[PDB]
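What follows is a pair of forms of the same protein chain, given separately as C-alpha cells and numbered structure 1 and structure 2.
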Structure 1
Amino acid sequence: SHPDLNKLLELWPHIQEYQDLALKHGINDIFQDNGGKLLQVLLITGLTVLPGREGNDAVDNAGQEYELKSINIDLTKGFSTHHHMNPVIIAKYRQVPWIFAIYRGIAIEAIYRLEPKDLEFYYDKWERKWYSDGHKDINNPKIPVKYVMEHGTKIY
C-alpha cells in the first residue's frame, strides 16, 4: 500500500458523514455524476432531487423541474450537455429552466438559472446543425460559462 493511505483512513469518518448527508437528501453516490457537488447546490438553493429521477434533475418546492449542470472551471470553460445530442435529447429539457453551478474543483463558486428562452439559442443551433449534416448526433456540444453568466440570473 501507499503511505498516504493513513491520511485517507483519518479523513474517512468525515467522508462517511458527508455521504450520509447526501443520502439524507436523495443522493446515493457522491463520487459519481458530480453527486458530492450536487448536494451543495441543493442545500444552498432549496432544490431537491427526487427518488427515481431521470438523471441530475431537481424540483423546487412548487414542483417545477430543473436540469442541473456542473462544471469545474479549474479545467474547462464549456458546460457539458449530452454525449449524443439530438432533437430527442433536446426535447427532454426544452421545457425546463436549467441550474448551472460553477466550481473550482469540488468547491461551489456560483450558481445561475437560465429559462427556456435563454437556452433557445443553443437548442436552435444544435437543431440547425443536425438538420444539415444528415441527422448526425453531436458529441457533447458545450454551453459557454460566459454565455451562462451573461444570459442567466445569478442565484448564488
Structure 2
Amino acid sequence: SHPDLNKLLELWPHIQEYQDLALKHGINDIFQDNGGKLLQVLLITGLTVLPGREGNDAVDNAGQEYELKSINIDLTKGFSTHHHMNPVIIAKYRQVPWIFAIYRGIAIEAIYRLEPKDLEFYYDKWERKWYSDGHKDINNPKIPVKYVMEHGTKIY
C-alpha cells in the first residue's frame, strides 16, 4: 500500500461516475478521443453529439445543427477547419453556427458561438481564394481565437 494507489482508490469512484455520465450523453470512452473533453461542452451547453464521420457536429433540441471547434489555448491560437477546403465544404459551413470551445488542459475555460454571418468574412475570402489559386483547395485555414472573442457570443 502506497500514496498513489490510495489516490487511485480514493479518486476512482468518481471517475467511474464521470464515465457513466459520459455514456448517457453518447460517449463510450472518456479516455480516448478527448471524450472526457467533448462531454464538458455538451453538458455545459445542453447539446447532443451526432455520429456520422466528420460532417455536421452537434444539434440542439430544436434540431438546429452545429459545427464545433476546440482549441487548447496552451498549445494553439487558431481553430482547425478542414485540411481540404473547397466551395462545397464552404457551402456547408455557411448554414450552421459554430460552437468554439477553449480549453486550457482538459479543463474548459470558455465557449463562444459565431453565427453564419459572423464567419462570412472568412467564407467569402477562402472562396475567392479557391478560385484565384486556380481551383486549388486551402489547407486547413485557421480562424484566430482573437477573432472569435470579438465576434461571437460568449455562452460560457
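Structure 1 provides the reference sequence; residues are numbered from 1 along it. We call the rigid core whatever largest set of C-alpha positions still superposes within 1.5 Å between the two forms.
For the form solved in complex with the DNA, the corresponding chain is the one labelled structure 1. Only one entry in 30, 59, 110, 96 has its C-alpha moved by 2 angstroms or more between structure 1 and structure 2 when the rigid core is superposed, and that entry is 30.
With a cut-off of 2 Å and the rigid core superposed, residue 8 has a Cα displacement that reaches or exceeds the cut-off between structure 1 and structure 2. Comparing the forms between structure 1 and structure 2, the C-alpha position of residue 50 differs by 2 angstroms or more, with the core used for superposition. Core-superposed comparison between structure 1 and structure 2: the Cα of residue 17 travels 2 Å or more. CA movement of residue 68 between structure 1 and structure 2 equals 0.5 Å, with the two forms superposed on the rigid core.
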